[PDB]
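**Student:** What follows is a structure written as structure tokens; I'll ask about it next.
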Amino acid sequence: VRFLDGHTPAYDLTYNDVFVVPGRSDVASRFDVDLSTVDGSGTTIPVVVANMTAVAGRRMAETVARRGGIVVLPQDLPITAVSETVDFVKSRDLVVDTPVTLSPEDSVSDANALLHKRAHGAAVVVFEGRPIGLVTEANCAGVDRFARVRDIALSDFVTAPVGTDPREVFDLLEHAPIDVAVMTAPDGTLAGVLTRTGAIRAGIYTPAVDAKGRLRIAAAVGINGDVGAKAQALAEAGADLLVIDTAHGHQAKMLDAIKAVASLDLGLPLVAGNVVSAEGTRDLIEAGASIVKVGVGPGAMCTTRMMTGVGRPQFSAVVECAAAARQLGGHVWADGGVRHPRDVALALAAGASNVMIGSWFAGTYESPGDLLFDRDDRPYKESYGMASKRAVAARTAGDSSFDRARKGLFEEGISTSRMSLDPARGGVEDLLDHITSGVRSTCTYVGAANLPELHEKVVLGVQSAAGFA
Amino acid sequence: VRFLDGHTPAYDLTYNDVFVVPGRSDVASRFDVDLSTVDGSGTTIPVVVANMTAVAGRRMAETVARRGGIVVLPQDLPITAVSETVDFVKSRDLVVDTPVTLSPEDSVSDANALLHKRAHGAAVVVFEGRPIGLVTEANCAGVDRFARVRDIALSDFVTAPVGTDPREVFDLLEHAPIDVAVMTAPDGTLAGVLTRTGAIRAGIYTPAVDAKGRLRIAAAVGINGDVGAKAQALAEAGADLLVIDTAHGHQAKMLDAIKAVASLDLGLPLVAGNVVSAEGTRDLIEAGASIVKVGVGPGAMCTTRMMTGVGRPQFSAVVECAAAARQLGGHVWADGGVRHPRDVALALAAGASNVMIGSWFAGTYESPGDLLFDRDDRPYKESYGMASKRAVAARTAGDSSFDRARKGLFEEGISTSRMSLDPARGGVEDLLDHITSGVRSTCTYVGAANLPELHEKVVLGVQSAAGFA
Amino acid sequence: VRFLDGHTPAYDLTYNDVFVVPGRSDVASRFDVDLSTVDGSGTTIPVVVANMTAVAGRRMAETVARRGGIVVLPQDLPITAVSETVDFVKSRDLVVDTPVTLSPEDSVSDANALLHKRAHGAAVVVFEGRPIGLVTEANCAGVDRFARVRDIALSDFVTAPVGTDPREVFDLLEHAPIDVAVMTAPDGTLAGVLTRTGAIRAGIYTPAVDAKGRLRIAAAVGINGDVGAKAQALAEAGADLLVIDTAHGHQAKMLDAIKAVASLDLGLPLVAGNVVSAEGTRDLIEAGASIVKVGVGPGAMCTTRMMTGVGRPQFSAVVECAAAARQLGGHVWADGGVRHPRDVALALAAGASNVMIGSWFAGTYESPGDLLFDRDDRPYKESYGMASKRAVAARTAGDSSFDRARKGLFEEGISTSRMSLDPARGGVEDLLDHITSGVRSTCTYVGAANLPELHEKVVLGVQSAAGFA
């Protein structure tokens, strides 16, 4: 990277200690920017969803993959569930989305509970596979709790055939009372749903697909047990990317696991982490990893940094790791608690080929967790970090209760977090457009048409802490 | 600029990281300081009002121009409205101010609503053009809401002829029950109003006027469409200054627009922005711009800096841009969210020929927006940044709803802000005197009689962030 | 009236000290009850709106008269305004209602302010008299305050010709996105609006009309000045009913005024009040009054009862006055602060031919006052009793300020009241249906098909104060 003259700080830099200086630009608008990645993951946007139990679901995976991103499934998930989720994701369409199906005999409470897990705002009542009507919010509210779906269902709705151009659908929905545009297969049965915003997004985001034209998806593995067997099973299960993640990735056990997985030669890229040192990046790459995750205790007040004085500011760590990987011909991923689009933009400018997003996406409809309401009626969803204490306890396989309790004694608390959900941008796509708009604006300001040029022609600076007063 | 020995920081500086060291002074008082600018804008004070829809009105323009400042009208305003506003501003007097005219049949609520858009605190009832009386606050309050103006109007008021010396008016108002001093033309009809504070200010501030003796005013243009046609139309409409503004001013499109406007040779100075780099300043000046705006993402927690890691601290950017412009024989303007008089003083000391003020003036009576009251009865006025989403959507001309929604998807939220109004200093002049007093005190401390000497003989220093604890 | 055996209380009774005992009933449903009055006022429901400045408006008069009620205009209103209001009311239709007309150039704030004075929830934009579209709440909210009507107007709306059956309109609006059903004259211009609820009510309420088929309306007069001249002028102005009202109606001045008005023989019924004694009722009737108002200081904690120990419980006063009037062949009206439908039902059962409603209707959209919002955003409207202090001061004609202040010294305070507006039932009709439903349920419980039978076959009881603990 390039810094302004005289900017040679005597400390590591974080995202709050740097800024991007605008330069000569030839890009007309944001849409003239290509966000495709060159790390081999096949993502058309620099967004990856973290392998967190409270975030990495099936609806989340489908929604993110349809918009060009990728998702890594939790490493503790059973193999059968992993295969089922992979099949479900790869069985979806690239243009239309799976709506919520409600039985006419279902209760109003169950109706709204099943309604609030998608961003469409409506659910389709299905009888033998054919739509009868739509039920929306403010229609099931204020009515008797003993009522049923059939007593509030609206039989008038928009219908279009599959294969219709998104522009035609948007034009049709210009006077529709409900923005939903449920689509029926030529047989007549439900074959997905479309929305005007979804129709618009269909022309902006290029879905990420494999050689078979199916949405890509990733799975995670640990460093305990037979790593090679689990990796091979996941590869046979349909996983496109494999991630080996742990708190400290520079230990010899991770090197052994990486060598074991690379020996099988599954023909897929390997993502290993996390390290914050150039030596760790080189060691991981030489072990047979093509992508290296970065970020250990990136926050100055995070749990890891309070428990241990171990960590590193994200910006300098990413810069050094990316430089080492490029020297060795690899790529890096920028983990470490992304919270604003500025984080994604600066991570990309520092040299990261992709960015990993965790707890931010927890507070969304598409997340696997159930939607909760606080004392002030404001929606929220709980977060449990990488995994819950029960999850790791089960991950420790069959062991005597004495050994399990002995191992869990040193384990810290669950550290559950209540992730608020923004009413205006509660959908996952409502955050993806935000992040992509930020990145595109950064690219236009720099004057780069794609991420490699963004990294090549970026000029950075350093600011003091007096500007935050 | 000059810094103390040993002050060579390894980072860009902001307004909180610098201070002015007092030096030998020969200036007796603040009034012995000349605040005239040399940028060619004709302003007698270093204050310019930003081209914001919620700030740049007609009353605001008149009030600011009467006190020596200038105002830039919004770029999205219709040409007919621009011409009407220019004619209204140029048809005003340089000493007396236009009061509020109330019909005797008007309602009390309408009376106070029309009263609260001026700082005089009184409104003149007009019948065939002759005053009958005055209505003030606390007179229409506590009465029946069905009452009318004639039922609360006070027929006793002070009257003086036009052309009377302000000192005589102030002496006359020494025992007047109401400080208002409504002035009648020799015919008898209303020809403006005067106030003791206004009379005093008439002897301090020199109004900014053109060769015809009429108040100056400015208009803004974009970089989309036929820039030359709009610039020529505005010049013919009576605009004195032209401003070409966009988020990123170093792009080739801005250079093309500047060349197009300069080719017509309208005989007016051109203000272009915004840039934070010396290269951008040189490119803009060589393209045919005499004044360059500065400031992109100046705050470390602003919307631009959170969405993108793009920006620069205001002080260093202003210093570098001013140095480049002086090397090329130009001038610069200091934008970037002025909030305290310290900002204006430091911007002037850094080398800026003028300062641009935006959202600060939104919370004033003279602003075009309507006055609102919060839950705690405290007055406030809303702010919408440079323009509202509807404004830019209309600015995109006639386009299909699909394209408009597609373009607006990446657009961020309205980001409306509730700008509180200070009861003690709610008037625009009540902020202008504050800012000018700060600047004059800075000049006396430095020991400079005018802004060029302020820039020439200023000594600065650097402080750490530990002083803000 | 009939009381249960042994109920001979040693005190006057109020509405809280009595109840109606159900009896044998042959009425099937509420709709089988006739609410027509026999007092000669021509009202089809036992509801009369009090002559209060904050209630008796023009929209209020139209809305109440369309539903079978009558309204008495304030006595302090100018004769020209009275004639204009009478013409406006008599120029309206008996089926459709006058909507709100908004100019396309009007502001959003003005749009919603003009929208919130009617219960339809929508306003019609008019250009040369032809509708272009509809603007509703939640459409003008959340948008730029600088926007205009044309920028938010919806051009799609329901249209039907005048004369269409209300049942057809209701059937048409079954799938309409907006419940409004604006009606166009055969020429094409606006000729009123209709609503599904309004269409339903058109078949329940019989509008009150005179011999010419126009909506009836009433006006009030005082006892000061030339009462005969004002009464004759109001009769010529189109007023249908004349009311002579004052705090104490048994004084000789009221008798003189009644004799003066009756001498002219205007051919209209005379309503005089207020009295609470049988002697006062007889004296007022013999003076030439066909209807006598009842109720002086009816509340035990009202302003009149706190200032003076003068008053009487409403129930016993109404019973005695009605008995005296029936003995003399007259009728009585039940004033005295109606707040619940129980009050109307008990007043009718006691022998009152009609009921007068005052401050209750102040908190409605149709009231002349402007809608206000409190600290908790809850809507409300101010009340000023019979008249404001300014109103009575002006009513005292042209007198020296000394005499006016001397007369107003003993006058109590304005006693303004903040009448809350119920969001669910904010419309006047939304209270009329409530009151009429209460009265119809009372009639069904008693077993009476009309008010005379309600008075004839009612059995009452007495309860102690221990039931309110």
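Numbering starts fresh at 1 for the residues of each chain in the structure tokens, the chains themselves are lettered A, B, ... in the order given, and ligands are numbered from 1 as they appear.
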Would you kindly return, as an MDAnalysis selection string, each protein, DNA or RNA residue with an atom no farther than 12 Å from any atom of residue 347 of chain A, considering only C-alpha atoms and excluding same-chain residues fewer than 5 positions away?
**Tutor:** (chainID A and resid 1 14:15 18:20 46:47 294:295 313:322 332:338 340:342 352:357 439 442 451 454:455 458) or (chainID B and resid 308:309)
**Student:** Taking only C-alpha atoms into account and nothing else, which residues of chain B lie no more than 8 Å away from chain A? Please answer as a PyMOL selection string.
**Tutor:** chain B and resi 10-17+248+250-253+275-277+280+299-301+305-313+402+405-406+409-412+464-465+468
**Student:** For residue 239 of chain B, list every protein, DNA or RNA residue within 9 Å, evaluated using only C-alpha atoms, and leave out those in the same chain fewer than 2 positions away; present the list as a PyMOL selection string.
**Tutor:** chain B and resi 82-83+86+216-219+234-237+241-242
**Student:** So which residues of segment 118-279 of chain A fall under strand (DSSP E or B) by DSSP, listed as a count of residues only?
**Tutor:** 40
**Student:** Within 8 Å of residue 43 of chain B, counting only C-alpha atoms, which residues qualify if same-chain residues fewer than 4 places away don't, as a list in words?
**Tutor:**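 My list of contacting residues is residues 36, 37, 47, 68, 69, 70 and 208 of chain B.
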**Student:** Please produce a file of the residues just selected, as a tab-separated table (two decimals), in the first residue's frame, where the atoms kept are C-alpha atoms.
**Tutor:**
chain	number	residue	atom	x	y	z
B	36	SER	CA	-12.53	41.67	3.49
B	37	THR	CA	-11.67	38.73	1.23
B	47	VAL	CA	-18.55	33.50	5.52
B	68	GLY	CA	-21.37	41.15	3.90
B	69	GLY	CA	-21.71	37.42	3.25
B	70	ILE	CA	-22.87	35.53	0.18
B	208	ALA	CA	-21.71	42.94	-0.21
**Student:** Near residue 209 of chain C, within 12 Å and counting only C-alpha atoms, which residues show up once chain neighbours fewer than 2 positions away are dropped, as a ChimeraX atom specification?
**Tutor:** /C:41-44,62,64-70,89-94,206-207,211-217,240
**Student:** Those residues with C-alpha atoms, as a PDB file, in the first residue's frame please?
**Tutor:**
ATOM      1  CA  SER C  41     -87.536  19.866  16.119  1.00  0.00           C
ATOM      2  CA  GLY C  42     -87.721  17.355  13.261  1.00  0.00           C
ATOM      3  CA  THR C  43     -84.765  15.272  14.444  1.00  0.00           C
ATOM      4  CA  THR C  44     -84.845  11.550  13.702  1.00  0.00           C
ATOM      5  CA  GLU C  62     -73.570  19.241   7.978  1.00  0.00           C
ATOM      6  CA  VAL C  64     -74.901  15.897  12.242  1.00  0.00           C
ATOM      7  CA  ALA C  65     -77.843  17.007  10.091  1.00  0.00           C
ATOM      8  CA  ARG C  66     -77.094  14.321   7.495  1.00  0.00           C
ATOM      9  CA  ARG C  67     -77.451  11.679  10.236  1.00  0.00           C
ATOM     10  CA  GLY C  68     -80.761  12.981  11.611  1.00  0.00           C
ATOM     11  CA  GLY C  69     -79.494  15.331  14.313  1.00  0.00           C
ATOM     12  CA  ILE C  70     -79.592  19.111  14.554  1.00  0.00           C
ATOM     13  CA  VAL C  89     -75.489  23.566   4.964  1.00  0.00           C
ATOM     14  CA  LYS C  90     -78.708  23.743   2.939  1.00  0.00           C
ATOM     15  CA  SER C  91     -76.734  23.452  -0.323  1.00  0.00           C
ATOM     16  CA  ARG C  92     -75.361  20.007   0.596  1.00  0.00           C
ATOM     17  CA  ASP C  93     -76.572  16.576  -0.493  1.00  0.00           C
ATOM     18  CA  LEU C  94     -78.322  14.069   1.761  1.00  0.00           C
ATOM     19  CA  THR C 206     -82.795   9.248   8.118  1.00  0.00           C
ATOM     20  CA  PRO C 207     -81.502  12.781   7.412  1.00  0.00           C
ATOM     21  CA  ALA C 211     -90.358  21.108   3.938  1.00  0.00           C
ATOM     22  CA  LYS C 212     -87.925  22.031   1.136  1.00  0.00           C
ATOM     23  CA  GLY C 213     -85.871  18.850   1.544  1.00  0.00           C
ATOM     24  CA  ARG C 214     -82.811  20.712   2.855  1.00  0.00           C
ATOM     25  CA  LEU C 215     -80.856  19.884   5.999  1.00  0.00           C
ATOM     26  CA  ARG C 216     -82.178  21.615   9.105  1.00  0.00           C
ATOM     27  CA  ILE C 217     -80.051  23.920  11.251  1.00  0.00           C
ATOM     28  CA  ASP C 240     -85.105  26.425  11.486  1.00  0.00           C
TER      29      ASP C 240
END
**Student:** Need to verify the contact set: residue 423 of chain A, 10 Å, only C-alpha atoms, exclusion of same-chain residues closer than 4 positions in sequence. Can you return it as an mmCIF file with C-alpha atoms, in the first residue's frame?
**Tutor:**
data_model
loop_
_atom_site.group_PDB
_atom_site.id
_atom_site.type_symbol
_atom_site.label_atom_id
_atom_site.label_comp_id
_atom_site.auth_asym_id
_atom_site.auth_seq_id
_atom_site.Cartn_x
_atom_site.Cartn_y
_atom_site.Cartn_z
ATOM 1 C CA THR A 364 -31.557 -10.489 10.166
ATOM 2 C CA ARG A 378 -37.729 -3.529 19.320
ATOM 3 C CA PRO A 379 -36.838 -6.773 17.501
ATOM 4 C CA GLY A 427 -33.279 -8.172 5.370
#
**Student:** Show me, as a PyMOL selection string, the residues that have an atom within 7 Å of residue 420 of chain C when counting only C-alpha atoms, minus same-chain residues fewer than 6 positions from it.
**Tutor:** chain C and resi 363+379-381
**Student:** What's the separation between atom CA of residue 164 of chain B and atom CA of residue 177 of chain B, in Å to one decimal place?
**Tutor:**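 One can read the atom CA of residue 164 of chain B to atom CA of residue 177 of chain B distance as 20.1 Å.
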**Student:** To one decimal in Å, tell me the separation between atom CA of residue 32 of chain B and atom CA of residue 45 of chain B.
**Tutor:**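 Rounded to one decimal, the two atoms are 13.9 Å apart.
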**Student:** From a DSSP calculation on the backbone, collect every residue of segment 281-350 of chain B in helix (DSSP H, G or I) and output the set as number ranges by chain.
**Tutor:** B: 281-286, 303-307, 314-328, 341-350
**Student:** Keeping only C-alpha atoms, take the residues you just selected and write them out as a compact mmCIF listing (two decimals), in the first residue's frame.
**Tutor:**
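Contents of result-v6.txt, as written:
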# COMPACT_ATOMS: atom_id res chain seq x y z
CA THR B 281 -6.42 21.39 -6.85
CA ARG B 282 -3.93 21.86 -9.69
CA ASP B 283 -6.09 19.90 -12.13
CA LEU B 284 -9.20 21.90 -11.22
CA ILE B 285 -7.39 25.24 -11.47
CA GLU B 286 -5.83 24.38 -14.84
CA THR B 303 -21.52 9.18 7.05
CA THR B 304 -18.98 9.28 4.21
CA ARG B 305 -16.21 7.94 6.44
CA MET B 306 -18.40 5.16 7.84
CA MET B 307 -19.70 4.07 4.43
CA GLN B 314 -9.67 19.18 7.25
CA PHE B 315 -6.65 21.13 8.50
CA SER B 316 -3.90 19.37 6.54
CA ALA B 317 -6.05 19.12 3.41
CA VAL B 318 -6.79 22.85 3.55
CA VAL B 319 -3.12 23.67 4.13
CA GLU B 320 -1.93 21.59 1.17
CA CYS B 321 -4.69 22.75 -1.19
CA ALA B 322 -4.14 26.41 -0.28
CA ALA B 323 -0.39 26.05 -0.84
CA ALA B 324 -0.99 24.50 -4.27
CA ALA B 325 -3.52 27.16 -5.26
CA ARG B 326 -1.22 29.99 -4.18
CA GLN B 327 1.56 28.36 -6.19
CA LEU B 328 -0.83 28.39 -9.16
CA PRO B 341 -15.81 29.81 15.32
CA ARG B 342 -12.53 28.01 16.01
CA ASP B 343 -13.11 26.11 12.77
CA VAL B 344 -13.45 29.34 10.77
CA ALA B 345 -10.41 30.90 12.43
CA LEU B 346 -8.20 27.85 11.87
CA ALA B 347 -9.39 27.48 8.27
CA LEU B 348 -8.49 31.11 7.60
CA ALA B 349 -5.11 30.69 9.31
CA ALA B 350 -4.38 27.57 7.25
**Student:** What separation in Å, quoted to one decimal, exists between atom CA of residue 266 of chain A and atom CA of residue 224 of chain A?
**Tutor:**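 So the answer is 19.3 Å.
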